[PDB]
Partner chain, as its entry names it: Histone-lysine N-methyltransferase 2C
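Just one chain follows, in the form deposited without the partner chain, and it is written as C-alpha cells.
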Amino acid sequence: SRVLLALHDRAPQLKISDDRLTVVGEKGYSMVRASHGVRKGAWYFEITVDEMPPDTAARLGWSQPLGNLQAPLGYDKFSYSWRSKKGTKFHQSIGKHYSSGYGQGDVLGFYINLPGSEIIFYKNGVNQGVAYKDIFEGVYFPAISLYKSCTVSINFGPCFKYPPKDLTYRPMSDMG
C-alpha cells in the first residue's frame, strides 16, 4: 500500500494523474490531501514544481482533515502553507514573510515534527527556517493547493532528491 494523492479527499476541479502523484490546478485555489496522515514523530515529503506558467501559483504544506478543499492551503486554522509567489507563509488567511519565492523546476521539502511541534520548509535542500511552532494539535496530511494551470509532482519517499542532513525524520512513505 502506497501513500498517494487521495481520490476521496480532493477538490473536483483539480486534475490528478493516473499514478496519483501529479496534479494540475484549475482557476481559483483548490486543494488535494495525501491518502495518509501523521499524528506523532518527525515526517518528510518533497514536491517538484514541473510547470508554473505566468499568473499561476501554489500554496504547499500540511492540512488537518477539516481543511477546506475549496480554498487555498493556509486558509483556516486547519492548515499551514508556503506560497510560490514571494515565499510567503499562510495560516488562517494571514500571509507573513518567510522566504524568497519558488517556482518552476524547484524541489520543495516539507518537514513536520509532532513530539514543541514544528513546521519547516526546504527549497532545493536548503532549510528555510521554522515557519510555524506549537501548531494546532491533530493529524496532519501532506497537502497541495493550486491556483490556475500549474503542475506539481509529490514524492512521499523513501528516495528524496535532496534528503535533509540537518534533522532526523521518517519519509511519508513509511506510513504505507
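Positions refer to the first chain, counted from 1.
With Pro115 and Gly116 adjacent in the shown sequence, let me know how many deposited residues between them lack coordinates: none, 1 to 3, 4 to 9, or 10 or more.
Count of unmodelled residues in between: 4 to 9.
Going by the mean C-alpha B-factor recorded in the entry, which is higher: 48-56 or 141-149?
Per the deposited B-factors, the answer is 48-56.
Higher average CA B factor in the deposited record is what I'm after, so tell me if that's 66-74 or 131-139.
If you average the C-alpha B-factors of 66-74 and of 131-139, the larger mean comes out for 131-139.
Would you mind checking where the Cα B-factor of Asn155 ranks among the modelled residues of its chain, as the lowest, middle or highest third?
As the PDB entry reports it, the C-alpha B-factor of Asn155 lands in the lowest third of its chain.
By its CA B factor, does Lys161 count among the lowest, middle or highest third of the modelled residues in the chain?
For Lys161, the deposited C-alpha B-factor lands in the lowest third.
Which third, lowest, middle or highest, does the CA B-factor of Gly101 fall in along this chain?
Its C-alpha B-factor, which the entry lists for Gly101, ranks in the highest third among residues of this chain.
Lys40's Cα B-factor: lowest, middle or highest third of the chain?
Highest third, going by the recorded CA B-factors of the chain.
What comes next is about the form deposited with the partner chain bound, which is not displayed.
Examine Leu14 and determine whether its closest non-hydrogen atom to the partner chain in the bound PDB entry is within 4.5 angstroms.
Because no heavy atom of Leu14 falls inside 4.5 Å of the partner chain in the bound PDB entry, the answer is no.
May I ask you to state whether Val130 is within 4.5 Å of the partner chain in the bound PDB entry, using heavy atom distances?
Contact with the partner chain, yes.
If you look in the bound PDB entry, which residues in 149-168 sit within 4.5 Å of the partner chain (heavy atoms)?
Those in contact are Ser149, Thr151, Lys165, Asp166.
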